[PDB]
Amino acid sequence: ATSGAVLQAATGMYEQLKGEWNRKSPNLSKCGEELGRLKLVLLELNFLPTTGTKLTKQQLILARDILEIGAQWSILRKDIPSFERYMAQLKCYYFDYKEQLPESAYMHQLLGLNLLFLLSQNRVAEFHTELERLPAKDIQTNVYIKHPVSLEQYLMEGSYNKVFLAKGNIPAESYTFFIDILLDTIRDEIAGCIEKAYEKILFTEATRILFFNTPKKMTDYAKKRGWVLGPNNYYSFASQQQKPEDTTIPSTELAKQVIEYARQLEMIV
Amino acid sequence: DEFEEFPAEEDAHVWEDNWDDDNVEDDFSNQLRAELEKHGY
Amino acid sequence: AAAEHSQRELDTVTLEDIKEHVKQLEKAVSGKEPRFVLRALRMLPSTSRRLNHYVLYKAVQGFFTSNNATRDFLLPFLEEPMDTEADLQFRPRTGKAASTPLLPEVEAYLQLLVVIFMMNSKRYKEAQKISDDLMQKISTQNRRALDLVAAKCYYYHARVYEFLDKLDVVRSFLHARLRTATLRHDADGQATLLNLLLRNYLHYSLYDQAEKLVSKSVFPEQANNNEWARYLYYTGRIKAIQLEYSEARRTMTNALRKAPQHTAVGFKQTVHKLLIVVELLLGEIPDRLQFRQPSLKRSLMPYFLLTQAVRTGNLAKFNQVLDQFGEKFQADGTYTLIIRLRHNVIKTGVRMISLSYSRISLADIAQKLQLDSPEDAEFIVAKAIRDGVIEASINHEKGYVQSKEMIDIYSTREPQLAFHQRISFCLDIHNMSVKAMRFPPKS
Amino acid sequence: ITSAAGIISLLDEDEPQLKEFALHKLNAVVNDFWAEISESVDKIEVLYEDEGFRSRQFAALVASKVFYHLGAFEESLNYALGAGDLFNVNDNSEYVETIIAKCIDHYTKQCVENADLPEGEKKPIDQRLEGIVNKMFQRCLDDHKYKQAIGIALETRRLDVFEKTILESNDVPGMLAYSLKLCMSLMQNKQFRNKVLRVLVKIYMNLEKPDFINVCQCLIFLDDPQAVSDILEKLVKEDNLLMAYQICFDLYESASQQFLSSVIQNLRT
Amino acid sequence: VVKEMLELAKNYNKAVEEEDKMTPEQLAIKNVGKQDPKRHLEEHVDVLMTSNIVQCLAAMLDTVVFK
Amino acid sequence: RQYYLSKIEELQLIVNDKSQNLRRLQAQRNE
Amino acid sequence: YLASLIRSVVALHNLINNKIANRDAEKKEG
Amino acid sequence: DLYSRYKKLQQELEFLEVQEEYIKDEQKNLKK
């Protein structure tokens, strides 16, 4: 009864937030205050299995949809910490209650972003372990999942030119904010290539290599990364490779290793 | 101590076979015939 | 029937084997050496089979029979034989021995044999009730030897649940039961429990959850070869998925090396399945002697067509194989890894070019790797150079991928370091051999 | 199902109420997912470190359980000790058993050191740590056979509980003989031996018919000539005689000539 | 010494790989002449390994002390 | 009473290996 | 290293020979 | 007997340590 009344309230706050959300302009500030309260009632209602009672299926959807609201709310504000706190919180509903709760189409959707988030931060390790959870058929069939994984596949294979052009295949704008982050990430990833592959480089060529439309932007990595610019406008990464450690006999280290043999062949044991 | 946990899930040619053998390419005489003819002319 | 008469002879011999086990089991308890039990537990798989309902009944009517509720628990759970002509009363416990409660080692061993028989009889619940009670018995039992016999039962108990096909009910139990061992400095029990737990984790694809458990947990170094082989595979599976390829090969090849020569046709089958796919993603063409071996011949033949594809680099051929043999990969739990490869076939050819050529001009690299443009290879050429699949430097001033000038290693410090890891182990082997040496307390 | 650990996202939030449901929930599921919460630590640690949290004493328990699972016992007791009531008092679960074992294991180490330097320099002992041990001491007293807590009693000094145990119901003064024998044979500190003996004598005197045989035997090791002299005199003045003789005849067969020469001298006065 | 120890391994292989079981405890006492099995074995290992370890340690100490 | 008995049951394992060790060292000596 | 290996194989051989020795005497006691 | 077993065991461990230390010395001195 009280859960239903809260359910009615949760739906009420939902119908408020939903209505605050389903409206074309789901004001982040207006929505944000509404979302928090729903959690508290959810904190009373539930966020995990906890009790053995069959949690209100709508309640599970509500919290999911309220978070589902939040996740797409989270993307709206562009707050990365919010996306993590919401996503990881939202992560649970996807796997724990799979047997009873149905799967609203948004589940693939919010999953579809999540892999993109992991890539954006360059946590490619968490990416694939993330892919494992999704079933086999959804990897290729689902558009939301496909775009990052295909995005990941080009990134692994070094078709950065493909990635820049592929950026136009984002089906939902929510991808757009992260994908911009990935654009910085890849340009950094490409920047990683320009370091330990080439000893020298040409600003006109490097400008192409880093896909920078502005030389001052190149000054940015010339400032942030501070790639030492070569005397002939040729950023001299040759100072990176270097060739140390081939001249000094460790001496002290070996006399330590040799002694260890000596002790092991003299210890009474 | 059979690992029954992991289920234990024609070409009776004796000779040990190397990867390059599987490579599919036209016989050597046809390569040389082409190579010699190409530089021959 | 003479088959059962040999069976009861097998029973009595198994009883004698058990009596040998129980006498050795009772030997270790008063022998002050848990090592004795390991022999009885290794005969366990051998004696695990070769037993029907008469075996346990006479064993339980031979062992136990103290009028204890124990008889009341497993006797009903196993069919009792009729008034057989050869009623060889196999009572290693006579009177007072019967009066004395069975040591936690033998009781579990006998109960496990019932548990094994329960498995052998598909009675995982009667074993469940048997086993958890076994655990419910051995959960309180805090001896030092029972930890061994408990460890074997655990996997069987995990195995009885393994055939029960839940694996989550025991996810927690095996997860907590593990912590009981670690708070005991126990060696074998911790090893066996972890492997069963991990198998639980991979079985539902919670690699993230699994990757953590290995991160904090420490596998007892002085562990059973059988277990050491197992943990290495599961860690290899986790590492491979976590994109730590290079370490995946080192552990998996090491896991394979530890396989029990020729007993486990299966384990070698699966590991080779990952090793071949694991190796491909790293840019190394796997060993051919694999695919011709008898046990792994047909099992890995599905992967065979793949490794031929990668070396050929004929993407159309690679896709064709996934279309046909791909579905089988899923059951092996490898499809995902193959999908990584499909967009990674270019790496090896980048390695093949770097292994033979030493100054190949980029435009030439494009020709010999099918790359669409000379510009495209540059990212791939550097990337392979960037990712440490090559050891080359791309001098962009004139578009040539120079390979590193290899040095005379014997004049550098590499050989000494390789000898150190070797000598340390060689000396350690001497200490481990000498350290035990098990001079029996001079009789 | 509970196959995820996003709750740590909740503890990442800022609503003090929301933390409590997260902190509570983890302590309800820490026994299984000790992995992720191990990386949290600081998150849970800061909650207890912070003095403003509404349920700090619950934060330590969950944090302590995570460390106990992880295995850093040196830090498990620290947080376990900080908490209270629910902290370990439950004295029911395995985690309690492992924490109490150390805690009473930790206690003795401090007390042994303390009895070495009792001239004010003695290092302090936390009341909660003493509280848990004495609570255990109060536990071991009222649980079952006291011939065990006595051993743990003198195991960690704590002479007060020693006197309490034997002076308590103690079934019979037979356990006094058990303790006495243990004090003579398996005690390796004379300074403690003297302190144990003083307790054994004091219990001897307050008895209705004090065991003169043991008391004089107890005194000899304690090196109390004058004390035995006064005992002898009262026994004579009480007209005991018969028991007085053996106390003398047992005395000469153990003591030293200096002891006797002093004890004889007292009687003459 | 490595050459001399090598020939002593050949006998060690023959002496062990023989492993003749015709009362092996008596075999270990009818072939005692200060020969292959161990006495001319690692006895040399100690000499060989002591000479190298001391020499090496002297080599590295000098490399540190003298510039 | 449980902790007091578990503690004795781990020190028992350590002394057990020591005893097996002391026998060996006595053997290495007398030779 | 070659010195170390020889001393190790000899070590193992000595434990195997000894493991047989006490075990064989173990069975022979019965 | 919970305490009784405890002191005998720990005393044995402490005393067996002395036997080890002496034997370790005598092996060394004999080698001389």
# chains A, B, ... in the order shown; residues from 1 in each chain; ligands from 1

$ residues_around --residues "segment 12-17 of chain H" --least-positions-apart "4" --cutoff "10 Å" --atoms "only C-alpha atoms" --output "PyMOL selection string"
(chain F and resi 11-12+14-16+18-19+21-22) or (chain H and resi 6-8+21-23)

$ write_last_selection --atoms "N, CA, C and O atoms" --output "PDB file, in the first residue's frame"
ATOM      1  N   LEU F  11      49.569 -23.432  16.136  1.00  0.00           N
ATOM      2  CA  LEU F  11      50.897 -23.636  16.693  1.00  0.00           C
ATOM      3  C   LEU F  11      51.270 -25.108  16.672  1.00  0.00           C
ATOM      4  O   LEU F  11      52.456 -25.449  16.714  1.00  0.00           O
ATOM      5  N   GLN F  12      50.277 -25.993  16.591  1.00  0.00           N
ATOM      6  CA  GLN F  12      50.566 -27.420  16.528  1.00  0.00           C
ATOM      7  C   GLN F  12      51.124 -27.796  15.165  1.00  0.00           C
ATOM      8  O   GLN F  12      51.995 -28.666  15.055  1.00  0.00           O
ATOM      9  N   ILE F  14      52.898 -25.758  13.236  1.00  0.00           N
ATOM     10  CA  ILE F  14      54.249 -25.214  13.138  1.00  0.00           C
ATOM     11  C   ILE F  14      55.240 -26.104  13.874  1.00  0.00           C
ATOM     12  O   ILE F  14      56.301 -26.439  13.340  1.00  0.00           O
ATOM     13  N   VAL F  15      54.912 -26.514  15.100  1.00  0.00           N
ATOM     14  CA  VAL F  15      55.827 -27.378  15.837  1.00  0.00           C
ATOM     15  C   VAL F  15      55.990 -28.703  15.116  1.00  0.00           C
ATOM     16  O   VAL F  15      57.060 -29.321  15.168  1.00  0.00           O
ATOM     17  N   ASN F  16      54.942 -29.162  14.436  1.00  0.00           N
ATOM     18  CA  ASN F  16      55.013 -30.440  13.742  1.00  0.00           C
ATOM     19  C   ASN F  16      56.060 -30.401  12.637  1.00  0.00           C
ATOM     20  O   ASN F  16      56.849 -31.339  12.482  1.00  0.00           O
ATOM     21  N   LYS F  18      58.556 -28.304  12.511  1.00  0.00           N
ATOM     22  CA  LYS F  18      59.835 -28.145  13.188  1.00  0.00           C
ATOM     23  C   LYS F  18      60.391 -29.495  13.623  1.00  0.00           C
ATOM     24  O   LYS F  18      61.584 -29.774  13.463  1.00  0.00           O
ATOM     25  N   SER F  19      59.533 -30.352  14.180  1.00  0.00           N
ATOM     26  CA  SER F  19      59.980 -31.673  14.615  1.00  0.00           C
ATOM     27  C   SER F  19      60.467 -32.506  13.440  1.00  0.00           C
ATOM     28  O   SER F  19      61.495 -33.184  13.525  1.00  0.00           O
ATOM     29  N   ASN F  21      61.652 -31.217  10.860  1.00  0.00           N
ATOM     30  CA  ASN F  21      62.885 -30.543  10.476  1.00  0.00           C
ATOM     31  C   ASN F  21      64.041 -30.936  11.382  1.00  0.00           C
ATOM     32  O   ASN F  21      65.136 -31.247  10.900  1.00  0.00           O
ATOM     33  N   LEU F  22      63.821 -30.932  12.695  1.00  0.00           N
ATOM     34  CA  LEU F  22      64.907 -31.232  13.619  1.00  0.00           C
ATOM     35  C   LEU F  22      65.439 -32.635  13.398  1.00  0.00           C
ATOM     36  O   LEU F  22      66.635 -32.889  13.567  1.00  0.00           O
TER      37      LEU F  22
ATOM     38  N   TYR H   6      47.957 -25.581  25.586  1.00  0.00           N
ATOM     39  CA  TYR H   6      48.531 -24.401  24.954  1.00  0.00           C
ATOM     40  C   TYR H   6      49.962 -24.175  25.411  1.00  0.00           C
ATOM     41  O   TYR H   6      50.844 -23.879  24.599  1.00  0.00           O
ATOM     42  N   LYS H   7      50.211 -24.307  26.713  1.00  0.00           N
ATOM     43  CA  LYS H   7      51.527 -23.973  27.241  1.00  0.00           C
ATOM     44  C   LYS H   7      52.548 -25.046  26.888  1.00  0.00           C
ATOM     45  O   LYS H   7      53.702 -24.740  26.575  1.00  0.00           O
ATOM     46  N   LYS H   8      52.142 -26.315  26.936  1.00  0.00           N
ATOM     47  CA  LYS H   8      53.052 -27.387  26.550  1.00  0.00           C
ATOM     48  C   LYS H   8      53.460 -27.254  25.090  1.00  0.00           C
ATOM     49  O   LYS H   8      54.633 -27.432  24.741  1.00  0.00           O
ATOM     50  N   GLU H  21      68.856 -24.300  16.666  1.00  0.00           N
ATOM     51  CA  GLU H  21      69.981 -23.375  16.703  1.00  0.00           C
ATOM     52  C   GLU H  21      71.275 -24.104  17.028  1.00  0.00           C
ATOM     53  O   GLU H  21      72.308 -23.873  16.390  1.00  0.00           O
ATOM     54  N   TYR H  22      71.238 -24.995  18.017  1.00  0.00           N
ATOM     55  CA  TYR H  22      72.425 -25.779  18.340  1.00  0.00           C
ATOM     56  C   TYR H  22      72.841 -26.647  17.162  1.00  0.00           C
ATOM     57  O   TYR H  22      74.012 -26.662  16.768  1.00  0.00           O
ATOM     58  N   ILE H  23      71.891 -27.383  16.583  1.00  0.00           N
ATOM     59  CA  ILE H  23      72.234 -28.266  15.474  1.00  0.00           C
ATOM     60  C   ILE H  23      72.781 -27.461  14.309  1.00  0.00           C
ATOM     61  O   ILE H  23      73.707 -27.900  13.621  1.00  0.00           O
TER      62      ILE H  23
END

$ residues_around --residues "residue 67 of chain E" --least-positions-apart "4" --cutoff "12 Å" --atoms "only C-alpha atoms" --output "list in words"
residues 248, 249 and 251 of chain A; 60, 61, 62 and 63 of chain E

$ write_last_selection --atoms "C-alpha atoms" --output "compact mmCIF listing (two decimals), in the first residue's frame"
# COMPACT_ATOMS: atom_id res chain seq x y z
CA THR A 248 77.28 1.56 -16.86
CA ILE A 249 78.00 -1.79 -15.22
CA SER A 251 78.37 -3.36 -10.20
CA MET E 60 82.20 -6.28 -9.23
CA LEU E 61 83.68 -4.90 -6.00
CA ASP E 62 86.68 -3.60 -7.91
CA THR E 63 84.41 -2.02 -10.50

$ closest_residue --among "E:56, E:45, E:22, E:28" --to "residue 1 of chain G" --atoms "only C-alpha atoms"
E:45

$ interface_residues --of "chain D" --to "chain H" --cutoff "10 Å" --atoms "only C-alpha atoms" --output "list in words"
residues 147, 148, 149, 150, 151, 152, 155, 178, 182, 185, 186 and 187 of chain D

$ write_last_selection --atoms "C-alpha atoms" --output "PDB file, in the first residue's frame"
ATOM      1  CA  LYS D 147      39.447 -23.505  34.144  1.00  0.00           C
ATOM      2  CA  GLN D 148      39.860 -22.055  30.640  1.00  0.00           C
ATOM      3  CA  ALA D 149      39.340 -18.314  31.113  1.00  0.00           C
ATOM      4  CA  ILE D 150      41.803 -18.549  33.999  1.00  0.00           C
ATOM      5  CA  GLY D 151      44.407 -19.626  31.472  1.00  0.00           C
ATOM      6  CA  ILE D 152      43.456 -16.736  29.207  1.00  0.00           C
ATOM      7  CA  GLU D 155      47.634 -15.243  29.587  1.00  0.00           C
ATOM      8  CA  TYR D 178      44.866 -26.416  39.013  1.00  0.00           C
ATOM      9  CA  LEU D 182      50.055 -23.848  36.460  1.00  0.00           C
ATOM     10  CA  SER D 185      55.268 -24.876  36.448  1.00  0.00           C
ATOM     11  CA  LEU D 186      54.239 -22.876  33.365  1.00  0.00           C
ATOM     12  CA  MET D 187      55.070 -19.352  34.566  1.00  0.00           C
TER      13      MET D 187
END

$ atom_distance --atom1 "atom CA of residue 2 of chain C" --atom2 "atom CA of residue 50 of chain C"
14.6 Å

$ residues_around --residues "segment 76-86 of chain D" --least-positions-apart "2" --cutoff "10 Å" --atoms "only C-alpha atoms" --output "number ranges by chain"
D: 45, 48, 56-74, 88-91, 96, 98-103, 106, 126-129, 131-132

$ interface_residues --of "chain A" --to "chain E" --cutoff "10 Å" --atoms "only C-alpha atoms" --output "VMD selection string"
chain A and resid 249 to 259 261 to 262 265

$ interface_residues --of "chain E" --to "chain G" --cutoff "10 Å" --atoms "only C-alpha atoms" --output "VMD selection string"
chain E and resid 2 5 9 12 16 25 37 to 38 41 to 50

$ write_last_selection --atoms "N, CA and C atoms" --output "short mmCIF file (atom, residue, chain, number, x, y, z; two decimals), in the first residue's frame"
data_model
loop_
_atom_site.label_atom_id
_atom_site.label_comp_id
_atom_site.auth_asym_id
_atom_site.auth_seq_id
_atom_site.Cartn_x
_atom_site.Cartn_y
_atom_site.Cartn_z
N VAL E 2 85.01 -28.10 -15.99
CA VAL E 2 83.74 -28.41 -16.63
C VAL E 2 83.90 -29.63 -17.53
N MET E 5 84.08 -32.57 -15.02
CA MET E 5 82.76 -32.86 -14.49
C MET E 5 81.85 -33.48 -15.55
N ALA E 9 79.52 -36.72 -15.29
CA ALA E 9 78.09 -36.83 -15.50
C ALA E 9 77.76 -38.06 -16.34
N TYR E 12 77.50 -40.64 -14.15
CA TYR E 12 76.32 -40.43 -13.31
C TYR E 12 75.07 -40.91 -14.01
N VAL E 16 73.26 -44.06 -12.56
CA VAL E 16 71.85 -43.96 -12.20
C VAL E 16 70.99 -44.73 -13.20
N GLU E 25 70.65 -51.65 -2.24
CA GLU E 25 71.42 -51.27 -1.06
C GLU E 25 72.79 -51.93 -1.07
N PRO E 37 78.97 -41.41 -8.55
CA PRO E 37 77.64 -40.94 -8.14
C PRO E 37 77.59 -39.52 -7.59
N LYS E 38 78.27 -39.26 -6.48
CA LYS E 38 78.30 -37.92 -5.91
C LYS E 38 79.69 -37.40 -5.59
N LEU E 41 81.20 -36.02 -8.17
CA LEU E 41 80.16 -35.09 -8.57
C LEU E 41 80.25 -33.90 -7.63
N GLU E 42 79.13 -33.25 -7.33
CA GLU E 42 79.07 -31.88 -6.85
C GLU E 42 80.28 -31.42 -6.03
N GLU E 43 81.04 -32.34 -5.44
CA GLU E 43 82.36 -31.96 -4.94
C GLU E 43 83.05 -31.01 -5.90
N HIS E 44 83.00 -31.32 -7.20
CA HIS E 44 83.50 -30.38 -8.19
C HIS E 44 82.60 -29.16 -8.31
N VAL E 45 81.29 -29.34 -8.16
CA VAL E 45 80.38 -28.20 -8.24
C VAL E 45 80.75 -27.15 -7.20
N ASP E 46 81.04 -27.59 -5.98
CA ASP E 46 81.45 -26.64 -4.95
C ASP E 46 82.72 -25.91 -5.36
N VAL E 47 83.70 -26.64 -5.88
CA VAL E 47 84.94 -25.99 -6.32
C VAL E 47 84.65 -25.05 -7.48
N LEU E 48 83.88 -25.52 -8.46
CA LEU E 48 83.62 -24.70 -9.64
C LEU E 48 82.80 -23.47 -9.27
N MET E 49 81.82 -23.66 -8.40
CA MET E 49 80.92 -22.56 -8.07
C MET E 49 81.56 -21.60 -7.06
N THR E 50 82.39 -22.12 -6.16
CA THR E 50 83.10 -21.24 -5.24
C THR E 50 84.10 -20.37 -5.97
#

$ closest_residue --among "D:15, D:9, D:33, D:105" --to "chain F" --atoms "only C-alpha atoms"
D:105

$ select_by_dssp --residues "segment 19-266 of chain A" --states "helix (DSSP H, G or I)" --output "count of residues only"
171

$ interface_residues --of "chain C" --to "chain D" --cutoff "12 Å" --atoms "only C-alpha atoms" --output "ChimeraX atom specification"
/C:139-140,166-185,197,200-201,204-218

$ residues_around --residues "segment 24-32 of chain C" --least-positions-apart "4" --cutoff "8 Å" --atoms "only C-alpha atoms" --output "mmCIF file with N, CA and C atoms, in the first residue's frame"
data_model
loop_
_atom_site.group_PDB
_atom_site.id
_atom_site.type_symbol
_atom_site.label_atom_id
_atom_site.label_comp_id
_atom_site.auth_asym_id
_atom_site.auth_seq_id
_atom_site.Cartn_x
_atom_site.Cartn_y
_atom_site.Cartn_z
ATOM 1 N N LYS C 19 39.924 -48.857 3.446
ATOM 2 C CA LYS C 19 40.598 -49.238 4.682
ATOM 3 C C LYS C 19 42.051 -48.795 4.645
ATOM 4 N N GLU C 20 42.701 -48.959 3.493
ATOM 5 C CA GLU C 20 44.010 -48.346 3.302
ATOM 6 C C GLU C 20 43.913 -46.835 3.446
ATOM 7 N N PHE C 36 50.107 -37.879 4.332
ATOM 8 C CA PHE C 36 49.559 -39.211 4.086
ATOM 9 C C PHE C 36 48.217 -39.135 3.372
ATOM 10 N N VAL C 37 47.354 -38.212 3.793
ATOM 11 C CA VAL C 37 46.009 -38.146 3.236
ATOM 12 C C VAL C 37 46.060 -37.889 1.741
ATOM 13 N N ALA C 40 45.718 -40.929 -0.296
ATOM 14 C CA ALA C 40 44.369 -41.478 -0.318
ATOM 15 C C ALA C 40 43.457 -40.633 -1.195
ATOM 16 N N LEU C 103 36.657 -40.214 12.753
ATOM 17 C CA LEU C 103 37.419 -38.980 12.634
ATOM 18 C C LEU C 103 36.837 -38.150 11.498
ATOM 19 N N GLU C 105 38.056 -36.858 9.081
ATOM 20 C CA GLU C 105 38.654 -37.188 7.794
ATOM 21 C C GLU C 105 37.933 -38.354 7.133
ATOM 22 N N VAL C 106 37.856 -39.486 7.830
ATOM 23 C CA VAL C 106 37.266 -40.684 7.244
ATOM 24 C C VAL C 106 35.779 -40.482 6.989
ATOM 25 N N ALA C 145 43.891 -31.712 9.122
ATOM 26 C CA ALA C 145 43.805 -32.667 8.027
ATOM 27 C C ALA C 145 42.476 -32.590 7.291
ATOM 28 N N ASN F 16 54.942 -29.162 14.436
ATOM 29 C CA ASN F 16 55.013 -30.440 13.742
ATOM 30 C C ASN F 16 56.060 -30.401 12.637
#

$ interface_residues --of "chain C" --to "chain A" --cutoff "9 Å" --atoms "only C-alpha atoms" --output "NGL selection string"
:C and (204-208 or 238 or 241-244 or 330 or 335-336 or 340 or 342-347 or 376-383 or 385-387 or 392-397 or 401 or 412-413 or 420 or 423-424 or 427-428 or 431 or 434-435)

$ atom_distance --atom1 "atom CA of residue 7 of chain F" --atom2 "atom CA of residue 442 of chain C"
29.1 Å

$ closest_atom_pairs --of "chain B" --to "chain C" --cutoff "8 Å" --atoms "only C-alpha atoms" --output "tab-separated table"
residue	atom	partner	partner_atom	distance
B:1	CA	C:45	CA	5.9
B:2	CA	C:264	CA	4.7
B:3	CA	C:264	CA	5.4
B:4	CA	C:266	CA	7.6
B:5	CA	C:159	CA	7.6
B:6	CA	C:266	CA	5.8
B:7	CA	C:266	CA	5.6
B:8	CA	C:266	CA	3.7
B:9	CA	C:266	CA	6.1
B:16	CA	C:289	CA	7.3
B:17	CA	C:288	CA	7.3
B:18	CA	C:288	CA	6.6
B:19	CA	C:288	CA	6.7
B:23	CA	C:312	CA	7.9

$ closest_atom_pairs --of "chain C" --to "chain F" --cutoff "7 Å" --atoms "only C-alpha atoms" --output "CSV"
residue,atom,partner,partner_atom,distance
C:32,CA,F:16,CA,6.8
C:438,CA,F:20,CA,6.9
C:439,CA,F:24,CA,5.5
C:441,CA,F:23,CA,6.1

$ atom_distance --atom1 "atom CA of residue 265 of chain D" --atom2 "atom CA of residue 224 of chain D"
13.5 Å

$ residues_around --residues "residue 146 of chain D" --least-positions-apart "4" --cutoff "12 Å" --atoms "only C-alpha atoms" --output "PyMOL selection string"
(chain D and resi 137-142+150-153+161-176+178-179) or (chain F and resi 1) or (chain H and resi 1-3)

$ write_last_selection --atoms "C-alpha atoms" --output "PDB file, in the first residue's frame"
ATOM      1  CA  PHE D 137      36.641 -11.911  30.173  1.00  0.00           C
ATOM      2  CA  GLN D 138      33.110 -11.263  31.368  1.00  0.00           C
ATOM      3  CA  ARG D 139      32.091 -13.582  28.540  1.00  0.00           C
ATOM      4  CA  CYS D 140      34.483 -16.393  29.427  1.00  0.00           C
ATOM      5  CA  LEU D 141      33.448 -16.154  33.077  1.00  0.00           C
ATOM      6  CA  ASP D 142      29.709 -16.601  32.537  1.00  0.00           C
ATOM      7  CA  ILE D 150      41.803 -18.549  33.999  1.00  0.00           C
ATOM      8  CA  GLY D 151      44.407 -19.626  31.472  1.00  0.00           C
ATOM      9  CA  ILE D 152      43.456 -16.736  29.207  1.00  0.00           C
ATOM     10  CA  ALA D 153      43.193 -14.682  32.386  1.00  0.00           C
ATOM     11  CA  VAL D 161      39.803 -11.335  36.506  1.00  0.00           C
ATOM     12  CA  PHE D 162      42.159 -14.037  37.778  1.00  0.00           C
ATOM     13  CA  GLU D 163      40.945 -13.425  41.325  1.00  0.00           C
ATOM     14  CA  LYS D 164      37.373 -13.098  40.078  1.00  0.00           C
ATOM     15  CA  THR D 165      37.497 -16.409  38.223  1.00  0.00           C
ATOM     16  CA  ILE D 166      38.745 -18.559  41.088  1.00  0.00           C
ATOM     17  CA  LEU D 167      36.808 -16.611  43.726  1.00  0.00           C
ATOM     18  CA  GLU D 168      33.660 -16.817  41.598  1.00  0.00           C
ATOM     19  CA  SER D 169      31.357 -19.840  41.703  1.00  0.00           C
ATOM     20  CA  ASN D 170      34.373 -21.856  40.539  1.00  0.00           C
ATOM     21  CA  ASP D 171      32.447 -25.056  41.273  1.00  0.00           C
ATOM     22  CA  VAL D 172      35.006 -26.128  43.887  1.00  0.00           C
ATOM     23  CA  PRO D 173      38.369 -24.936  45.229  1.00  0.00           C
ATOM     24  CA  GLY D 174      39.851 -27.746  43.152  1.00  0.00           C
ATOM     25  CA  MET D 175      40.409 -25.309  40.294  1.00  0.00           C
ATOM     26  CA  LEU D 176      42.561 -23.402  42.783  1.00  0.00           C
ATOM     27  CA  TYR D 178      44.866 -26.416  39.013  1.00  0.00           C
ATOM     28  CA  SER D 179      45.740 -22.727  38.880  1.00  0.00           C
TER      29      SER D 179
ATOM     30  CA  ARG F   1      36.364 -21.442  23.970  1.00  0.00           C
TER      31      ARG F   1
ATOM     32  CA  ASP H   1      42.489 -28.773  29.014  1.00  0.00           C
ATOM     33  CA  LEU H   2      42.276 -25.861  26.589  1.00  0.00           C
ATOM     34  CA  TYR H   3      44.944 -23.855  28.414  1.00  0.00           C
TER      35      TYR H   3
END

$ residues_around --residues "residue 42 of chain A" --least-positions-apart "5" --cutoff "10 Å" --atoms "only C-alpha atoms" --output "list in words"
residues 3, 6, 7, 10, 36, 37, 47, 48, 59, 60, 62, 63 and 66 of chain A
